[PDB]
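What follows is a single chain, given as structure tokens, in the form deposited in one PDB entry.
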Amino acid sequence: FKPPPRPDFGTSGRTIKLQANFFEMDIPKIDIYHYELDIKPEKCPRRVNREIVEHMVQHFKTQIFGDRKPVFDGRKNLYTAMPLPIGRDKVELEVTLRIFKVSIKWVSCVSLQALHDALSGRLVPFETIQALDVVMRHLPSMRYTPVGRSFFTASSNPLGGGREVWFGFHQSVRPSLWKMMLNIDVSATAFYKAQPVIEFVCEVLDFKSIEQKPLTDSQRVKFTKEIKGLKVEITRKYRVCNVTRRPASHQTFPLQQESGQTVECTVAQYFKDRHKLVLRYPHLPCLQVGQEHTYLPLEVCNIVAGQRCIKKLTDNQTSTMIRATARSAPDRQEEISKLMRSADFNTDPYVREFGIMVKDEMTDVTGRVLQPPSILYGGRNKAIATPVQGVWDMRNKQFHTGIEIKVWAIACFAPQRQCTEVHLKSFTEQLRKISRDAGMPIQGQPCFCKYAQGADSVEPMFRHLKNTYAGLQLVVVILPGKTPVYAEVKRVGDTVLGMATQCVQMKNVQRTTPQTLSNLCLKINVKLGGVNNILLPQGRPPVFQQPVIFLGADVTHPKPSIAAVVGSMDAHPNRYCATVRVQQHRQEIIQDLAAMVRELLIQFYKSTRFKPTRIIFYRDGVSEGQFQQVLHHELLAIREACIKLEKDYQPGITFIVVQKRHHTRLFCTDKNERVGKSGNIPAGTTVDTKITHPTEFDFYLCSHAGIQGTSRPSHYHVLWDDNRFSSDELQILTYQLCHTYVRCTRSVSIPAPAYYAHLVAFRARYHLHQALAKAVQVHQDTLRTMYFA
């Protein structure tokens, strides 16, 4: 129900000086006056609401607002630094821009002293924090295009396909111990370019020029996908709901004449009669707007400016976006500073009105660089790897338990013309040598090596292979770029036949490298039930003194959402079992969690003959505004699973939410602490003192090495803890769990269970309502291992 208080502060690791993009706010102890607004019509966009309020304030300055400067949340909430001479009866006003009836009303008083008190125990008024947020973002909301908690403006920076890059910034008011903090970060997102729809068609369908004939059923579907749901404007604004199958010259709608009789009239004829316009491109289809019979010719419409792209970016579009937005930690820090200078909060008329001051310097924070765990390998010398800067390798090292592979097949879906027999021979030869060094000895040539084309030849090939070659362990599949055969390989391999398969690009077969092959063996060994490595047993937190299961949960959204929950099946912890469910479209709560947890607990017991005394639950993809809902349903669900298992089974539950999607950045104060070209904080720096929750149990942990851009320190918030973790042990625990990810010899940004859950859900996507839950269900033998690696 209620998150536990922070148990302690923790002292492990060497200290490091840091700066965070949190700027201290000096806030008065005055009272804020909260006014509610009823404005009619009530379905207007927040910007129109803001202009109405804006003109309402000036227009009624003499009798109502005077010199006061009210702030407005865009909807119903207006705040003033001093009370309006209206409290507390009904005041109805009329506002003209085009006429609106605005009534205004004092709801309560926001005590800022009651905010100061919460910042030091007194265990936090969400409404007071919200009031300040409204104050800080009133001015930028008028000047920029607000997107969620961010602001953007047009800069000229194309992504292609009518998409554009707008630069801007995130801004939010956050609580911490003793102080309100202003979180400020640079940002950039995809927007649709403001242009005639005709040109939008060209960029979408790859036309240098529109100049022609009606679109094929192929072109129209692609175009319909892009423009659907977008706003257009007449050269009045409309919402595009569909693209007509027919051209404007033939697309009809019922038109009532003066006789009263309704006749079908073409869009072209109407625009000719009514608007004196002979359609220049009558062969093109129309935009259907409003709801079901308004049709608009493409040539009279423009894509409305200020529309953010929500739909999935192409691989090239995102890359360009990654590129134009990626930059080192020192670079990012300087631009946050510049934004602070340009924002100039201490001269903003509205924060001045509310007597607020914002410190110009980033908050100084002492971080702690946790010691990485030793990594134990096997083979001849049972070598121990020491992670350096979040990275180690397997030179002179062999798998903890390597799988001696004797039977395997190759299925090349790359053309023999490009992936010739000498490539395969060379590829096989190099692969076996590396596997030999890795302690996963591939013995003997492949028992089978063939060519095939199309996703439709996978199963008959796979049935063949299973029946004929006894003890068949692995099928290495070779693919040419992006193609739907990969999805079919996984479906047949994971769900119906239950065979371990390892896909690999054609180019990685033609030109092989020792590092690529080594990484390939990492996935192969674990998919055959092997153990690449384990955490050094004696170098583990006290939680491993009793049987314990680690859970990773995550739900991915697109039609249906996909919930995935993984669970550790040994005490290392190394091997994980996967549970997955299709569920309601865009529902964050894992509906069938109890059943999923039950399955995992059963599997844990069948593998270790132990029942875990502790359940450590890492939950990814949850925002702070949802913390009480997921905790309510999911903690109860986990608890329901244990009770349903056995009446008196009551293991301690630790519920932790992991967040990568936030805007707190940590920068090295000392240049000597900067790592690599990107100049990021080292792997393992932990923060839980100055920018964290005033009362609750939360911390930042950057467990990964920053390769490019600015690192995102993962945030962890303990929603529940029966197990009474200290700060140090938990922080050390999650950090060590980040070293158990099998796909690479690197510490990753989130603990392996959380990461695995993401992979499981992503794999479920390739697996494609009774049917949806069955096309996602996995084969019996496959479930015994980590197929999703």
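Numbering starts at 1 and runs along the sequence shown. C-alpha atoms forming the largest set that superposes within 1.5 Å between two forms make up the rigid core.
Among other deposited entries of this protein with both flanking residues present, at least a third omit coordinates for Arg68. In at least a third of the other PDB entries of this protein that model the residues around it, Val263 has no coordinates. Per the record, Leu768 and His769 are separated by a gap of 10 or more residues from the deposited sequence that were not modelled. Gap between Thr235 and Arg236: 4 to 9 deposited residues without coordinates.
In this crystal structure, the stretch out of 53 to 61 and 749 to 757 whose C-alpha atoms carry the higher mean B factor is 53 to 61. When the two stretches 593 to 601 and 111 to 119 are set side by side, the higher mean Cα temperature factor goes to 111 to 119. The entry lists C-alpha B-factors for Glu335, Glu421, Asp688, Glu696, and the highest of these is at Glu421. Out of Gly552, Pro175, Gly481, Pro247, the entry records its largest CA B-factor for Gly481.
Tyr79: CA B factor lies in the lowest third for its chain, per the PDB record. Split the chain's modelled residues into thirds by C-alpha temperature factor. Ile681 is in the lowest one. Per the PDB record, residue ranking by Cα B-factor puts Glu258 in the highest third of the chain.
In the PDB entry, a CA B factor belonging to the lowest third of its chain's modelled residues is recorded for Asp273. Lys69: CA B factor in the middle third of modelled residues in this chain (values from the PDB entry).
Form deposited in another entry: not shown, discussed below.
Aligning the rigid core between this form and the one not shown and inspecting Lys677, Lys466, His283, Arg586, the C-alpha positions shift by 2 Å or more at one residue, which is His283. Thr189: CA moves 2 Å or more between this form and the one not shown after rigid-core fitting. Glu92: CA moves less than 2 Å between this form and the one not shown after rigid-core fitting. Core-superposed comparison between this form and the one not shown: the CA of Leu528 stays below a 2 Å shift.
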